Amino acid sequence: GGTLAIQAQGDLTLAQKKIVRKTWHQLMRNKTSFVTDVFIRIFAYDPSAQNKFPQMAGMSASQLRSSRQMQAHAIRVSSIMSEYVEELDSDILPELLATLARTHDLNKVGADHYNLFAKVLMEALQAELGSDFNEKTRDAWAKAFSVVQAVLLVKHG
């Protein structure tokens, strides 16, 4: 696999950068439990995604929302996300995603879990922005999702 491996150079055009940080912060700011609520949706649409987290597999949304493991996974998504959104520096991505990638591959979380995540956050963004989710917003975000997508999973040993 791993065509072109790691390179990336100057990733997104500045206008895409301006709009992906602004919107991530709009959402983070205005919707307090945003990231957990994204996970609580993924599990509705894809019940096996619940199963990759063995212990909580089989719980209802209300006792899903108060799980030490759910909350801790969610703020960890939250911090990797805010770390990148700070500068959208394409190549501090390699060390950021490095352990994530290994533990995800160990619990068999892959490509259709990342895809799903992207769909559900895309949705959240649109519920937030309204009619002013005018397509630069969608493109910049997909491009961001591609930069990130490009260098994910396994070389786990």
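So that there is no doubt, residue numbering starts at 1 and follows the sequence shown.
Higher mean CA temperature factor between 52-60 and 114-122: 52-60, per the PDB entry. The mean Cα B-factor in the deposited entry runs higher for 84-92 than for the other of 32-40 and 84-92. Ranked by C-alpha B-factor against the other modelled residues of its chain, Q9 falls in the highest third. Among all modelled residues in this chain, the alpha-carbon of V148 has a temperature factor (C-alpha) in the middle third. For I19, the recorded CA temperature factor ranks within the highest third of the chain's modelled residues.
When all modelled residues of the chain are sorted by CA temperature factor, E128 is found within the lowest third. Per-chain ranking of the deposited C-alpha B factor places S67 in the middle third.
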